[PDB]
file run_7.cif (mmCIF, C-alpha atoms)
data_upload
#
loop_
_atom_site.label_atom_id
_atom_site.label_comp_id
_atom_site.auth_asym_id
_atom_site.auth_seq_id
_atom_site.Cartn_x
_atom_site.Cartn_y
_atom_site.Cartn_z
CA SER A 1 12.18 24.47 -26.63
CA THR A 2 14.80 25.30 -29.23
CA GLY A 3 14.92 26.42 -32.86
CA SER A 4 17.57 26.15 -35.57
CA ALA A 5 17.46 27.73 -39.00
CA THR A 6 19.88 28.12 -41.88
CA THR A 7 20.74 31.62 -43.00
CA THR A 8 21.90 32.23 -46.57
CA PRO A 9 23.80 35.14 -48.20
CA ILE A 10 21.59 37.06 -50.64
CA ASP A 11 24.40 37.57 -53.12
CA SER A 12 28.04 36.80 -53.87
CA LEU A 13 29.29 39.62 -51.59
CA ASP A 14 27.44 38.57 -48.40
CA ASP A 15 25.61 41.92 -48.48
CA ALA A 16 22.96 40.43 -46.22
CA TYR A 17 21.62 37.08 -45.07
CA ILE A 18 18.06 35.68 -45.31
CA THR A 19 16.48 33.09 -43.07
CA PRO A 20 13.17 31.34 -43.80
CA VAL A 21 10.37 32.12 -41.33
CA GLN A 22 6.91 30.57 -41.16
CA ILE A 23 4.07 33.04 -40.54
CA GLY A 24 0.41 32.21 -40.12
CA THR A 25 -1.85 29.18 -40.56
CA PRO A 26 -1.37 27.52 -42.97
CA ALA A 27 2.26 28.56 -42.97
CA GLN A 28 3.39 31.35 -45.24
CA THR A 29 7.16 31.18 -45.60
CA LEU A 30 9.00 34.46 -45.94
CA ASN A 31 12.75 35.00 -46.19
CA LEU A 32 13.62 37.55 -43.51
CA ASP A 33 16.73 39.49 -42.64
CA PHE A 34 17.57 38.67 -39.01
CA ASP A 35 18.75 41.97 -37.60
CA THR A 36 20.32 42.26 -34.14
CA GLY A 37 20.36 46.05 -34.72
CA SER A 38 16.59 46.59 -34.83
CA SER A 39 13.52 45.34 -33.02
CA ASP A 40 10.60 45.15 -35.48
CA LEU A 41 9.34 42.11 -37.39
CA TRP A 42 8.00 43.64 -40.56
CA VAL A 43 7.01 42.07 -43.83
CA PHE A 44 5.86 42.88 -47.34
CA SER A 45 2.16 42.09 -47.44
CA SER A 46 -1.07 42.01 -49.41
CA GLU A 47 -1.39 45.59 -48.15
CA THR A 48 1.88 46.92 -49.58
CA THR A 49 1.34 49.46 -52.35
CA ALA A 50 1.46 47.22 -55.43
CA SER A 51 3.97 49.43 -57.25
CA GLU A 52 6.40 49.10 -54.32
CA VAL A 53 6.45 45.30 -54.62
CA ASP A 54 8.84 43.76 -57.16
CA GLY A 55 9.61 40.08 -56.62
CA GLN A 56 9.10 39.73 -52.87
CA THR A 57 6.97 37.07 -51.26
CA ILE A 58 4.16 38.79 -49.38
CA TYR A 59 2.32 37.98 -46.17
CA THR A 60 -1.44 37.80 -46.67
CA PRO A 61 -3.12 37.99 -43.24
CA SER A 62 -6.56 37.33 -44.74
CA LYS A 63 -5.39 33.85 -45.75
CA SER A 64 -4.23 33.03 -42.20
CA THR A 65 -6.76 31.63 -39.73
CA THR A 66 -4.64 32.78 -36.77
CA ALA A 67 -4.03 36.35 -37.97
CA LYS A 68 -5.70 39.13 -36.01
CA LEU A 69 -5.55 42.87 -36.59
CA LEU A 70 -3.92 44.60 -33.65
CA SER A 71 -6.53 47.34 -33.65
CA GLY A 72 -5.18 50.89 -33.81
CA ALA A 73 -1.52 49.85 -33.82
CA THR A 74 0.83 51.35 -36.37
CA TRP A 75 4.54 51.29 -36.99
CA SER A 76 7.03 53.49 -38.79
CA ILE A 77 10.74 52.88 -39.24
CA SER A 78 14.11 54.16 -40.52
CA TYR A 79 17.53 52.66 -39.53
CA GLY A 80 21.19 53.59 -40.02
CA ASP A 81 21.37 52.80 -43.74
CA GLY A 82 19.04 55.24 -45.51
CA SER A 83 15.74 53.34 -45.63
CA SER A 84 12.21 53.26 -44.16
CA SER A 85 8.66 51.81 -44.24
CA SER A 86 5.35 51.81 -42.35
CA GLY A 87 1.94 50.23 -41.93
CA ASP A 88 -0.39 48.41 -39.57
CA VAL A 89 0.08 45.46 -37.27
CA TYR A 90 -1.27 41.96 -36.99
CA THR A 91 -0.60 39.27 -34.41
CA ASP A 92 -0.05 35.78 -35.77
CA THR A 93 1.85 32.54 -35.24
CA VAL A 94 5.52 32.76 -36.21
CA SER A 95 7.98 29.84 -36.35
CA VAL A 96 11.73 29.88 -36.83
CA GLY A 97 13.56 26.63 -37.38
CA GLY A 98 10.97 24.63 -35.46
CA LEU A 99 10.51 27.21 -32.66
CA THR A 100 6.99 28.63 -32.49
CA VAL A 101 5.68 31.87 -30.99
CA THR A 102 1.96 32.55 -30.84
CA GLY A 103 0.66 36.12 -30.76
CA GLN A 104 3.78 37.59 -32.37
CA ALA A 105 3.41 41.13 -33.66
CA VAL A 106 3.83 41.02 -37.44
CA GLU A 107 4.17 44.50 -38.85
CA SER A 108 2.58 44.74 -42.29
CA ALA A 109 4.04 47.22 -44.74
CA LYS A 110 1.59 49.55 -46.43
CA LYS A 111 4.63 51.45 -47.73
CA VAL A 112 8.28 50.50 -48.30
CA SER A 113 11.36 52.52 -49.19
CA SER A 114 12.47 51.92 -52.77
CA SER A 115 15.65 50.46 -51.24
CA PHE A 116 13.60 47.42 -50.23
CA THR A 117 11.48 47.34 -53.42
CA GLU A 118 14.84 47.10 -55.24
CA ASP A 119 16.02 44.01 -53.35
CA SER A 120 13.74 41.17 -54.39
CA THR A 121 15.46 38.63 -52.13
CA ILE A 122 14.46 40.16 -48.76
CA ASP A 123 10.79 39.69 -47.77
CA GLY A 124 11.17 41.57 -44.49
CA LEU A 125 13.08 41.99 -41.25
CA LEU A 126 13.11 40.05 -38.01
CA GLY A 127 14.49 42.31 -35.30
CA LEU A 128 16.61 40.83 -32.52
CA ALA A 129 17.73 43.97 -30.68
CA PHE A 130 15.99 44.92 -27.43
CA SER A 131 12.23 45.51 -27.52
CA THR A 132 12.68 49.07 -26.25
CA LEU A 133 13.57 50.01 -29.88
CA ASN A 134 10.31 48.57 -31.24
CA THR A 135 8.40 51.21 -33.23
CA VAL A 136 4.79 50.08 -32.68
CA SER A 137 2.44 52.74 -31.36
CA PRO A 138 0.59 53.30 -29.11
CA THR A 139 1.40 49.89 -27.60
CA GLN A 140 5.04 48.87 -28.04
CA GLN A 141 5.57 45.25 -29.04
CA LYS A 142 8.06 42.50 -28.13
CA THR A 143 10.62 40.91 -30.47
CA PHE A 144 10.35 37.29 -31.53
CA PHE A 145 13.23 36.43 -29.20
CA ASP A 146 11.65 38.23 -26.24
CA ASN A 147 8.39 36.36 -26.81
CA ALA A 148 10.25 33.05 -27.20
CA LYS A 149 12.39 33.43 -24.05
CA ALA A 150 9.74 32.00 -21.74
CA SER A 151 9.78 28.68 -23.53
CA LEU A 152 13.44 28.51 -24.61
CA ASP A 153 15.67 25.98 -22.83
CA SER A 154 18.09 28.83 -22.27
CA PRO A 155 17.40 32.50 -23.02
CA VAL A 156 19.99 32.78 -25.80
CA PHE A 157 20.34 32.82 -29.53
CA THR A 158 23.52 32.37 -31.55
CA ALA A 159 24.68 33.74 -34.89
CA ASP A 160 27.01 31.59 -36.97
CA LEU A 161 27.30 33.48 -40.26
CA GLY A 162 29.12 32.02 -43.22
CA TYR A 163 31.75 33.57 -45.46
CA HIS A 164 30.30 33.27 -48.96
CA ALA A 165 28.33 30.33 -47.57
CA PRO A 166 25.26 29.47 -45.51
CA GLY A 167 25.30 29.64 -41.75
CA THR A 168 23.01 29.14 -38.78
CA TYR A 169 20.84 30.99 -36.26
CA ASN A 170 20.03 28.88 -33.19
CA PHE A 171 17.55 29.70 -30.44
CA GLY A 172 17.65 28.34 -26.91
CA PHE A 173 20.92 26.40 -26.98
CA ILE A 174 24.64 26.70 -27.68
CA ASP A 175 25.97 24.23 -30.25
CA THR A 176 29.32 23.19 -28.76
CA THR A 177 30.36 21.61 -32.10
CA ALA A 178 30.07 24.93 -33.94
CA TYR A 179 33.15 26.62 -32.53
CA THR A 180 36.75 26.02 -31.52
CA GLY A 181 38.35 26.77 -28.16
CA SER A 182 36.34 28.69 -25.57
CA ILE A 183 33.57 31.25 -25.76
CA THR A 184 34.69 34.54 -24.23
CA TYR A 185 31.82 36.47 -22.70
CA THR A 186 31.80 40.22 -22.43
CA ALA A 187 29.49 42.79 -20.84
CA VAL A 188 26.54 44.36 -22.66
CA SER A 189 24.90 47.74 -22.23
CA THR A 190 21.23 47.89 -23.20
CA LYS A 191 21.02 51.64 -22.57
CA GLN A 192 20.63 52.40 -26.30
CA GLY A 193 18.58 49.25 -27.04
CA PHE A 194 21.48 47.54 -28.81
CA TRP A 195 23.77 44.60 -28.13
CA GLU A 196 26.41 47.16 -27.19
CA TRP A 197 29.82 46.06 -25.89
CA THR A 198 33.43 47.15 -25.61
CA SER A 199 36.17 45.56 -27.67
CA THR A 200 39.57 45.56 -25.97
CA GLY A 201 41.60 46.51 -29.06
CA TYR A 202 42.83 45.54 -32.50
CA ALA A 203 45.70 44.47 -34.71
CA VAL A 204 46.36 44.86 -38.45
CA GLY A 205 47.80 41.81 -40.19
CA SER A 206 50.71 40.38 -38.24
CA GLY A 207 51.21 43.65 -36.37
CA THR A 208 51.23 44.13 -32.63
CA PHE A 209 47.94 44.30 -30.75
CA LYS A 210 46.87 47.75 -29.66
CA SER A 211 45.01 47.75 -26.35
CA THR A 212 42.29 50.33 -26.55
CA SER A 213 38.59 50.32 -25.73
CA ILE A 214 36.19 50.40 -28.66
CA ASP A 215 32.49 50.70 -27.81
CA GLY A 216 30.26 49.27 -30.50
CA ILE A 217 27.25 47.16 -31.37
CA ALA A 218 26.93 43.62 -32.61
CA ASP A 219 24.69 44.17 -35.64
CA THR A 220 23.86 41.33 -38.03
CA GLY A 221 21.83 43.86 -40.07
CA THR A 222 24.89 45.84 -41.09
CA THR A 223 27.13 44.44 -43.79
CA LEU A 224 30.47 45.98 -42.95
CA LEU A 225 32.73 46.78 -40.01
CA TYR A 226 32.62 50.47 -38.97
CA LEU A 227 35.34 51.60 -36.60
CA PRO A 228 36.96 54.86 -35.50
CA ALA A 229 38.79 56.80 -38.20
CA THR A 230 42.15 56.24 -36.47
CA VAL A 231 41.73 52.47 -36.52
CA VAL A 232 40.46 52.39 -40.11
CA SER A 233 43.32 54.61 -41.32
CA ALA A 234 45.88 52.30 -39.66
CA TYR A 235 44.33 49.30 -41.47
CA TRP A 236 44.20 50.79 -44.96
CA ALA A 237 47.68 52.33 -44.63
CA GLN A 238 48.91 48.75 -44.91
CA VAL A 239 47.30 48.28 -48.35
CA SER A 240 49.31 49.68 -51.28
CA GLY A 241 47.15 52.11 -53.23
CA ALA A 242 44.23 52.20 -50.79
CA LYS A 243 42.46 55.52 -50.39
CA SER A 244 39.30 57.09 -49.06
CA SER A 245 37.07 58.18 -51.94
CA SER A 246 34.27 60.73 -51.47
CA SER A 247 32.82 59.79 -54.85
CA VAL A 248 32.41 56.21 -53.74
CA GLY A 249 31.71 56.96 -50.08
CA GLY A 250 34.52 55.08 -48.39
CA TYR A 251 37.85 53.32 -48.64
CA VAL A 252 38.67 51.60 -51.92
CA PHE A 253 41.75 49.64 -52.91
CA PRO A 254 43.32 48.14 -56.02
CA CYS A 255 41.60 44.89 -56.86
CA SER A 256 45.13 43.47 -57.45
CA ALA A 257 45.89 43.77 -53.72
CA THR A 258 46.09 41.10 -51.06
CA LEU A 259 44.37 42.39 -47.92
CA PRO A 260 45.80 41.91 -44.42
CA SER A 261 43.71 40.33 -41.69
CA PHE A 262 42.14 42.42 -38.96
CA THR A 263 42.03 41.26 -35.36
CA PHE A 264 39.65 42.56 -32.70
CA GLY A 265 39.78 41.96 -28.96
CA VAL A 266 37.10 40.32 -26.83
CA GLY A 267 38.42 40.63 -23.30
CA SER A 268 41.71 38.72 -23.36
CA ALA A 269 40.66 36.74 -26.45
CA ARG A 270 41.13 37.61 -30.11
CA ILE A 271 38.97 37.20 -33.20
CA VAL A 272 40.80 37.22 -36.54
CA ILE A 273 39.00 38.49 -39.63
CA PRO A 274 40.80 37.07 -42.66
CA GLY A 275 41.80 39.60 -45.28
CA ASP A 276 39.54 38.06 -47.91
CA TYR A 277 36.51 38.86 -45.70
CA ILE A 278 37.32 42.56 -46.15
CA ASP A 279 37.08 42.45 -49.98
CA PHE A 280 33.70 43.59 -51.39
CA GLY A 281 34.76 43.56 -55.01
CA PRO A 282 34.82 46.06 -57.87
CA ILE A 283 33.01 49.36 -57.25
CA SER A 284 31.36 48.92 -60.68
CA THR A 285 31.49 46.11 -63.22
CA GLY A 286 34.90 45.98 -64.84
CA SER A 287 36.52 48.42 -62.44
CA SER A 288 39.96 47.72 -61.02
CA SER A 289 39.06 49.62 -57.84
CA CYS A 290 37.53 47.42 -55.11
CA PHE A 291 35.37 48.37 -52.12
CA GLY A 292 36.71 47.83 -48.63
CA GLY A 293 34.88 45.99 -45.87
CA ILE A 294 36.31 48.09 -43.06
CA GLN A 295 35.07 51.67 -43.06
CA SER A 296 35.02 54.69 -40.77
CA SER A 297 32.22 55.11 -38.25
CA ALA A 298 32.86 58.86 -38.11
CA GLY A 299 29.53 60.53 -38.67
CA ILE A 300 27.55 57.36 -37.81
CA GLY A 301 28.03 58.17 -34.18
CA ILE A 302 28.50 54.56 -33.20
CA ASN A 303 30.95 51.79 -34.04
CA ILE A 304 29.31 48.78 -35.71
CA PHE A 305 30.52 45.20 -35.63
CA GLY A 306 28.59 44.15 -38.71
CA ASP A 307 28.62 40.93 -40.71
CA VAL A 308 32.29 41.36 -41.76
CA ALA A 309 33.30 40.97 -38.11
CA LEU A 310 30.53 38.70 -36.89
CA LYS A 311 30.99 36.05 -39.61
CA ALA A 312 34.54 35.47 -38.40
CA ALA A 313 33.08 34.27 -35.08
CA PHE A 314 30.53 32.09 -33.37
CA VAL A 315 28.46 34.71 -31.51
CA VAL A 316 26.25 34.16 -28.49
CA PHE A 317 23.54 36.69 -27.75
CA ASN A 318 22.77 35.96 -24.10
CA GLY A 319 19.41 37.46 -23.13
CA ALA A 320 19.59 36.55 -19.45
CA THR A 321 18.45 39.22 -17.01
CA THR A 322 21.98 40.58 -17.21
CA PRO A 323 22.61 40.25 -20.91
CA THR A 324 26.06 39.40 -22.28
CA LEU A 325 27.75 38.65 -25.63
CA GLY A 326 30.01 35.70 -26.29
CA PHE A 327 32.55 35.27 -29.05
CA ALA A 328 34.43 32.15 -30.13
CA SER A 329 36.72 31.38 -33.05
CA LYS A 330 35.41 28.77 -35.46
#

call {"tool": "encode", "arguments": {"input": "run_7.cif", "output": "structure tokens"}}
result
Amino acid sequence: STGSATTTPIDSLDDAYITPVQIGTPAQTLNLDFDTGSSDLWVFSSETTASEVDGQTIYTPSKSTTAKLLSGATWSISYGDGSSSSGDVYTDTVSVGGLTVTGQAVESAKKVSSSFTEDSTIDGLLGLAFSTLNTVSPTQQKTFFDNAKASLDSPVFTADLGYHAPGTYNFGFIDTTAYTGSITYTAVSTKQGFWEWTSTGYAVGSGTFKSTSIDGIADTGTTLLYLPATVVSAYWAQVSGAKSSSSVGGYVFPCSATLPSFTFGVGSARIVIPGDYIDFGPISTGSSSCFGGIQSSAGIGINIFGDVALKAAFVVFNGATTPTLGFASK
């Protein structure tokens, strides 16, 4: 089997992407944030504290003939972006882009952080990191991808994110029309539960490539690119007027600036992030100071290849027994 679904930016900045997912029988379609940095499928539901719902589409297990309470199972979450949520667990039928999993753990929010309540466009998360990060207790649950692997033509999924435009998540096959040149594959460590790999270096604009190893994660659930302070300083030094602002919480730059590209290494290959991808617009309406899309990972404790980096590439998440990551230009 295979699946193929369109993913759409939630706003004009590409702050996140939502992908329609069918849950239950008859289908209930929720728009979920596909997150290769976490491993829970959780949704707003008929059980979510009413005051903490504001615009989201909710999952109602009692209207699904295939929903079953996973007795005793609970979940509780909080990722690297200041948010959280918790509740109980159902199993139900889940389909993505034509690909169907039966008995998928669907984690039903009794409570959500206000950060989610505030964003009406995201109905939940579909985790695509390794199942070892799944928060269900006392019986840990598998991700949608892990459950699907048995039936997939090939145990892979691909992320093809758009710049200010829709893109595609595919399951079980590699669309050879979706990229240019070759796919360069690189080793993955699953020791932290992430799609963790080592970039071979970087360049700023038309500058010379600096060979240097940068360990980080491929994380579709993170908006920006978070790299070591040395790297980030070298980038923003090339932008007249750019500065790190504690009031704003990162590098800002004059909205009148043209940003240089940023290149990262994948083995001997190179992925070029166009400068415009690094512009996240005025810090507040009307401001002439703009927020930068490359920021320091110092204090995160891990480098993050988020959407800024990933959308410049066709990315293969190879879930073979020895997992790997592939990157192609597109």

call {"tool": "resolve_selection", "arguments": {"input": "run_7.cif", "expression": "the PyMOL selection byres ((chain A and resi 243) around 12)", "output": "ChimeraX atom specification"}}
result
/A:232-242,244-254,289-292,295

call {"tool": "residues_around", "arguments": {"input": "run_7.cif", "residues": "residue 155 of chain A", "least_positions_apart": "5", "cutoff": "6 Å", "atoms": "only C-alpha atoms", "output": "VMD selection string"}}
result
chain A and resid 149 172 319 to 320

call {"tool": "closest_residue", "arguments": {"input": "run_7.cif", "among": "A:92, A:130, A:139, A:313", "to": "residue 71 of chain A", "atoms": "all atoms listed in the file"}}
result
A:139

call {"tool": "residues_near_point", "arguments": {"input": "run_7.cif", "point": "(40.3, 37.4, -38.7)", "cutoff": "8 Å", "atoms": "only C-alpha atoms", "output": "number ranges by chain"}}
result
A: 261-264, 271-275, 309, 312

call {"tool": "residues_around", "arguments": {"input": "run_7.cif", "residues": "residue 133 of chain A", "least_positions_apart": "6", "cutoff": "10 Å", "atoms": "all atoms listed in the file", "output": "JSON, numbers by chain"}}
result
{"A": [37, 38, 39, 40, 127, 140, 141, 142, 143, 192, 193, 194]}

call {"tool": "write_last_selection", "arguments": {"input": "run_7.cif", "atoms": "C-alpha atoms", "output": "compact mmCIF listing (two decimals), in the frame of the given file"}}
result
# COMPACT_ATOMS: atom_id res chain seq x y z
CA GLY A 37 20.36 46.05 -34.72
CA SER A 38 16.59 46.59 -34.83
CA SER A 39 13.52 45.34 -33.02
CA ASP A 40 10.60 45.15 -35.48
CA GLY A 127 14.49 42.31 -35.30
CA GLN A 140 5.04 48.87 -28.04
CA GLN A 141 5.57 45.25 -29.04
CA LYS A 142 8.06 42.50 -28.13
CA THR A 143 10.62 40.91 -30.47
CA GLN A 192 20.63 52.40 -26.30
CA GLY A 193 18.58 49.25 -27.04
CA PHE A 194 21.48 47.54 -28.81

call {"tool": "closest_residue", "arguments": {"input": "run_7.cif", "among": "A:85, A:287, A:180, A:223", "to": "residue 124 of chain A", "atoms": "all atoms listed in the file"}}
result
A:85

call {"tool": "closest_residue", "arguments": {"input": "run_7.cif", "among": "A:19, A:25, A:86, A:4", "to": "residue 47 of chain A", "atoms": "only C-alpha atoms"}}
result
A:86

call {"tool": "resolve_selection", "arguments": {"input": "run_7.cif", "expression": "the PyMOL selection byres ((chain A and resi 66) around 7)", "output": "short mmCIF file (atom, residue, chain, number, x, y, z; two decimals) with C-alpha atoms, keeping the file's coordinate frame"}}
result
data_model
loop_
_atom_site.label_atom_id
_atom_site.label_comp_id
_atom_site.auth_asym_id
_atom_site.auth_seq_id
_atom_site.Cartn_x
_atom_site.Cartn_y
_atom_site.Cartn_z
CA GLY A 24 0.41 32.21 -40.12
CA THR A 25 -1.85 29.18 -40.56
CA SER A 64 -4.23 33.03 -42.20
CA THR A 65 -6.76 31.63 -39.73
CA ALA A 67 -4.03 36.35 -37.97
CA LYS A 68 -5.70 39.13 -36.01
CA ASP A 92 -0.05 35.78 -35.77
CA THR A 93 1.85 32.54 -35.24
#

call {"tool": "resolve_selection", "arguments": {"input": "run_7.cif", "expression": "the PyMOL selection byres ((chain A and resi 168) around 6)", "output": "mmCIF file with C-alpha atoms, keeping the file's coordinate frame"}}
result
data_model
loop_
_atom_site.group_PDB
_atom_site.id
_atom_site.type_symbol
_atom_site.label_atom_id
_atom_site.label_comp_id
_atom_site.auth_asym_id
_atom_site.auth_seq_id
_atom_site.Cartn_x
_atom_site.Cartn_y
_atom_site.Cartn_z
ATOM 1 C CA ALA A 5 17.460 27.730 -39.000
ATOM 2 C CA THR A 6 19.880 28.120 -41.880
ATOM 3 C CA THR A 7 20.740 31.620 -43.000
ATOM 4 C CA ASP A 160 27.010 31.590 -36.970
ATOM 5 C CA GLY A 167 25.300 29.640 -41.750
ATOM 6 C CA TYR A 169 20.840 30.990 -36.260
#

call {"tool": "closest_residue", "arguments": {"input": "run_7.cif", "among": "A:84, A:60, A:297, A:324", "to": "residue 111 of chain A", "atoms": "all atoms listed in the file"}}
result
A:84

call {"tool": "atom_distance", "arguments": {"input": "run_7.cif", "atom1": "atom CA of residue 1 of chain A", "atom2": "atom CA of residue 108 of chain A"}}
result
27.4 Å

call {"tool": "closest_residue", "arguments": {"input": "run_7.cif", "among": "A:171, A:185, A:157, A:42", "to": "residue 325 of chain A", "atoms": "all atoms listed in the file"}}
result
A:185

call {"tool": "decode", "arguments": {"input": "run_7.cif", "residues": "segment 45-60 of chain A", "atoms": "N, CA, C and O atoms", "output": "mmCIF file, in the first residue's frame"}}
result
data_model
loop_
_atom_site.group_PDB
_atom_site.id
_atom_site.type_symbol
_atom_site.label_atom_id
_atom_site.label_comp_id
_atom_site.auth_asym_id
_atom_site.auth_seq_id
_atom_site.Cartn_x
_atom_site.Cartn_y
_atom_site.Cartn_z
ATOM 1 N N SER A 45 -11.063 16.773 21.121
ATOM 2 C CA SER A 45 -12.159 15.822 21.112
ATOM 3 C C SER A 45 -13.388 16.328 21.854
ATOM 4 O O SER A 45 -13.385 17.409 22.464
ATOM 5 N N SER A 46 -14.430 15.505 21.816
ATOM 6 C CA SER A 46 -15.666 15.765 22.533
ATOM 7 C C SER A 46 -15.420 15.803 24.028
ATOM 8 O O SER A 46 -16.296 16.211 24.792
ATOM 9 N N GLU A 47 -14.222 15.377 24.430
ATOM 10 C CA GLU A 47 -13.818 15.317 25.840
ATOM 11 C C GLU A 47 -12.988 16.526 26.284
ATOM 12 O O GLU A 47 -12.750 16.719 27.472
ATOM 13 N N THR A 48 -12.524 17.319 25.328
ATOM 14 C CA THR A 48 -11.698 18.472 25.658
ATOM 15 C C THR A 48 -12.535 19.514 26.390
ATOM 16 O O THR A 48 -13.604 19.900 25.922
ATOM 17 N N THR A 49 -12.045 19.945 27.548
ATOM 18 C CA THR A 49 -12.666 21.033 28.305
ATOM 19 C C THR A 49 -13.186 22.103 27.351
ATOM 20 O O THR A 49 -12.413 22.680 26.585
ATOM 21 N N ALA A 50 -14.494 22.351 27.386
ATOM 22 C CA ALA A 50 -15.148 23.173 26.367
ATOM 23 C C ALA A 50 -14.493 24.545 26.215
ATOM 24 O O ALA A 50 -14.364 25.061 25.099
ATOM 25 N N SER A 51 -14.080 25.129 27.336
ATOM 26 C CA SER A 51 -13.465 26.451 27.335
ATOM 27 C C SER A 51 -12.111 26.470 26.607
ATOM 28 O O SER A 51 -11.645 27.527 26.167
ATOM 29 N N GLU A 52 -11.484 25.303 26.481
ATOM 30 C CA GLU A 52 -10.171 25.201 25.843
ATOM 31 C C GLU A 52 -10.287 24.838 24.362
ATOM 32 O O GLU A 52 -9.281 24.579 23.694
ATOM 33 N N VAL A 53 -11.518 24.828 23.858
ATOM 34 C CA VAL A 53 -11.770 24.673 22.430
ATOM 35 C C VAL A 53 -12.229 26.024 21.884
ATOM 36 O O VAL A 53 -13.086 26.683 22.477
ATOM 37 N N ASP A 54 -11.651 26.435 20.759
ATOM 38 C CA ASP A 54 -12.025 27.690 20.108
ATOM 39 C C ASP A 54 -11.771 27.613 18.606
ATOM 40 O O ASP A 54 -10.782 28.146 18.108
ATOM 41 N N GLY A 55 -12.657 26.934 17.889
ATOM 42 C CA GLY A 55 -12.567 26.858 16.441
ATOM 43 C C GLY A 55 -12.122 25.523 15.868
ATOM 44 O O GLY A 55 -12.323 25.266 14.672
ATOM 45 N N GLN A 56 -11.514 24.672 16.693
ATOM 46 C CA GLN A 56 -10.991 23.409 16.192
ATOM 47 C C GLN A 56 -12.120 22.455 15.876
ATOM 48 O O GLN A 56 -13.207 22.528 16.459
ATOM 49 N N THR A 57 -11.840 21.567 14.931
ATOM 50 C CA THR A 57 -12.686 20.415 14.662
ATOM 51 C C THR A 57 -12.307 19.332 15.666
ATOM 52 O O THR A 57 -11.130 19.058 15.869
ATOM 53 N N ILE A 58 -13.304 18.735 16.307
ATOM 54 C CA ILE A 58 -13.043 17.766 17.356
ATOM 55 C C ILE A 58 -13.392 16.351 16.900
ATOM 56 O O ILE A 58 -14.286 16.133 16.073
ATOM 57 N N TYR A 59 -12.658 15.403 17.463
ATOM 58 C CA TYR A 59 -12.921 13.981 17.295
ATOM 59 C C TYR A 59 -13.938 13.542 18.342
ATOM 60 O O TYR A 59 -13.760 13.805 19.527
ATOM 61 N N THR A 60 -15.010 12.897 17.898
ATOM 62 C CA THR A 60 -16.040 12.408 18.804
ATOM 63 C C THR A 60 -16.056 10.875 18.724
ATOM 64 O O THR A 60 -16.640 10.302 17.800
#
